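Engineer: As a preliminary step, the opening chains of the complex are given here in situ:
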Amino acid sequence: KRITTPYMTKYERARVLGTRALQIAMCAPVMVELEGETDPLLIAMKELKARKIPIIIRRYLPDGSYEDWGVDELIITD
């Protein structure tokens, strides 16, 4: 039973993109076939569009509990 919103907020999107770009720039495997791209931010955005970013977001409720949402499961608004 998960009650938090099913959309990915702007802050979650920004942090996911930054962390994934850093991970790629630190010489890590990608989950998409780059068609000529070289910028880690561009590759991270491509992965987010493809729903292949391997991150699970841990959302802390104010009462101490938490919920784990994968990037695949969250509707990507922007």
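Structural biologist: It's in. Numbering: from 1, shown residues only, chains lettered A, B, ... in the order given.

Engineer: what about the nearest residue to residue A:74 once chain neighbours are set aside, how many residues close to it?
Structural biologist: Computed as Cβ to Cβ, 6 or more residues apart in numbering, the closest residue to residue A:74 that is not its neighbour in sequence is residue A:8, at 4.0 Å. In short, each C-beta sits where N, CA and C put it, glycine included. Residue A:8 has 19 neighbours, counted by other Cβ atoms under 10 Å.

Engineer: what sits against residue A:8?
Structural biologist: Residue A:8 sits next to A:16, A:57, A:71, A:74-77 when contact means Cβ atoms under 8 Å, 6 or more residues apart in numbering.

Engineer: If we use 10 Å, what do you get?
Structural biologist: Neighbour list for residue A:8: A:16, A:48, A:57, A:69, A:71, A:73-78 [criterion: Cβ atoms under 10 Å, 6 or more residues apart in numbering].

Engineer: Would you check how far apart the residue most central in space within chain A and residue A:44 are?
Structural biologist: Using Cα atoms, centre = their mean, the residue of chain A that lies closest to the mean C-alpha position is residue A:16, 4.1 Å off. To residue A:44, residue A:16 is 8 Å away according to Cβ to Cβ, to the nearest Å.

Engineer: Touching both of those two, which residues are there?
Structural biologist: Shared contacts of residue A:16 and residue A:44, defined by Cβ under 10 Å, 6+ apart, comprise residue A:53.

Engineer: Chain B should go on the structure too:
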Amino acid sequence: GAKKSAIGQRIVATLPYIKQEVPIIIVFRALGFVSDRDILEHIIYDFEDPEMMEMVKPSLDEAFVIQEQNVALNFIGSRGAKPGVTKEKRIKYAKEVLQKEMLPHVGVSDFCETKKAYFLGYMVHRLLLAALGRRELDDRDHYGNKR
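Structural biologist: Adding chain B to the chains above:
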């Protein structure tokens, strides 16, 4: 309270180098004038002004006690920068203050009382005129009042 409500307004003077305020009749007596007629000659120039006379009456009602130059000087000097342990030194300090630090521009010689009394009376008279609404209060921003 009842006595303050009946008195209304009183006129006091803040002499320099003195601990707190002094009623004006005390200072006038300390200058050497005893009679209310003479003090009112120094203050109210035209005696056909009953409103001015009534305005100055509560100030004279503080003269019910003090009646002499020696005791007036004692009362003035009681509140010096360093209050004395004796009385002659306090009275000498009071005379020194009234001769040296009160209105230096009028004079500092020994016989300056006859003119210091007139100028202090003029200050009180102008205060009465201001209180009666007969002259406009000054403004500090007027450039004739600057140097």
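
Engineer: same question on the contacts of residue A:8, but now with chain B added
Structural biologist: Residue A:8 is in contact with A:16, A:48, A:57, A:69, A:71, A:73-78, counting by Cβ atoms under 10 Å, 6 or more residues apart in numbering or on different chains.

Engineer: cool, residue B:75 as well?
Structural biologist: B:22-23, B:26-27, B:29-30, B:65-66, B:90-91, B:94.

Engineer: For PyMOL, write the select line for the buried members of the residues you listed.
Structural biologist: Here is the PyMOL command that selects the buried residues among the contacts of residue B:75 (16 or more other Cβ atoms under 10 Å in any protein chain shown):
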select buried, chain B and resi 22+23+26+27+29+30+66+90+91+94
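
Engineer: now the strands for chain A?
Structural biologist: Secondary structure of chain A (DSSP state E): strands at A:56-60, A:66-70.

Engineer: what does the last one contact?
Structural biologist: To tie it back to what came earlier, the one meant is strand A:66-70. Applying Cβ under 10 Å, 6+ apart, the contact partners of strand A:66-70 are A:1-6, A:8, A:12, A:51, A:53-61.

Engineer: buried set for it?
Structural biologist: For strand A:66-70, by 16+ other Cβ under 10 Å, it's residue A:69.

Engineer: angle of that strand against strand A:56-60?
Structural biologist: Per axes from the mean of the first three to the mean of the last three Cα atoms, to 10 degrees, the angle that strand A:66-70 makes with strand A:56-60 is 160 degrees.

Engineer: partner strands of strand A:66-70, parallel or antiparallel?
Structural biologist: Under the criterion DSSP bridges, strand A:66-70 sits next to strand A:56-60 (antiparallel) in its sheet.

Engineer: put chain C onto that model:
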Amino acid sequence: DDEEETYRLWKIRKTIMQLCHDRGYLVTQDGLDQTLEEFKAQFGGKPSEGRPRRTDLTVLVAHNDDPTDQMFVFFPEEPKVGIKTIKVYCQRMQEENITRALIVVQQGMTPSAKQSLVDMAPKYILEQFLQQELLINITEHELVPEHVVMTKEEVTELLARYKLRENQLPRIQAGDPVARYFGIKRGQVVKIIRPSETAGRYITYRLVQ
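Structural biologist: The block that follows adds chain C to the chains above:
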């Protein structure tokens, strides 16, 4: 004047009737709605040297959930209510087996009397209301949104639903005018229902503490 005194007594009585109706006690429609002439006829149109003498106007009424739980509305005849007057009222309550009572004061109560009212709180509950505070009903003012006192079953359900500890709710002082109007102790939770400009309605909650 006699007319003004009758008017003040009538207004105080009407406000107390409204207060009892809000507190859940059983006050009938005719008692709630009395015209000035009806009150004049029923209990004297002449106060000074007349039938209404700030006595016989005391109200005894039973709560809608328990006829055994009843409340008094006493009218002291003294501008400054005293320790002996409070003792007399507590004696009357003890003999009639009544737990709660209201006391409308002409001008005020001495601090000794107020402390002697506070002391017997578990034994008896008595509240002081000034004569000026009841000429109007503060609840009817348009600035005051509707207040509802919540039962301890609903408080528990609310806390469980939002997963809140009672420290985490907004607060309302026990000396608040509306809190005194509703007679609320510390630890009870009131519900505020008010219209909204951006939603159309908004329900808040306040903890009396």
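
Engineer: once more on the contacts of residue A:8, with chain C this time?
Structural biologist: Applying Cβ under 10 Å, 6+ apart, the residues contacting residue A:8 are A:16, A:48, A:57, A:69, A:71, A:73-78.

Engineer: Looking at those residues, which are in helices?
Structural biologist: Secondary structure from DSSP state H places A:16, A:48 of those in helices.

Engineer: Among the contacts of residue A:8, name the buried ones.
Structural biologist: Buried residues within those, counting neighbours by 16+ other Cβ under 10 Å: A:16, A:48, A:57, A:69, A:71, A:74.

Engineer: Distance to residue B:106 for the residues you listed - can I get that in a markdown table?
Structural biologist: Putting those into a markdown table (distance: Cβ to Cβ, whole Å) gives the following:
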| residue | distance to residue B:106 |
| --- | --- |
| A:16 | 88 |
| A:48 | 92 |
| A:57 | 89 |
| A:69 | 92 |
| A:71 | 94 |
| A:74 | 92 |
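
Engineer: Map the structural domains onto the sequence of chain C.
Structural biologist: C:1-136, C:137-209 (CATH domains of a matching chain).

Engineer: Would you pull up how far the longest one lies from the middle of the chain?
Structural biologist: In terms of Cα atoms, centre = their mean, to the nearest Å, the centre of domain C:1-136 is set 9 Å apart from its chain centre.

Engineer: now the end-to-end length of stretch B:125-145.
Structural biologist: Stretch B:125-145 has its terminal residues 20 Å apart, counting by Cα to Cα, to the nearest Å.
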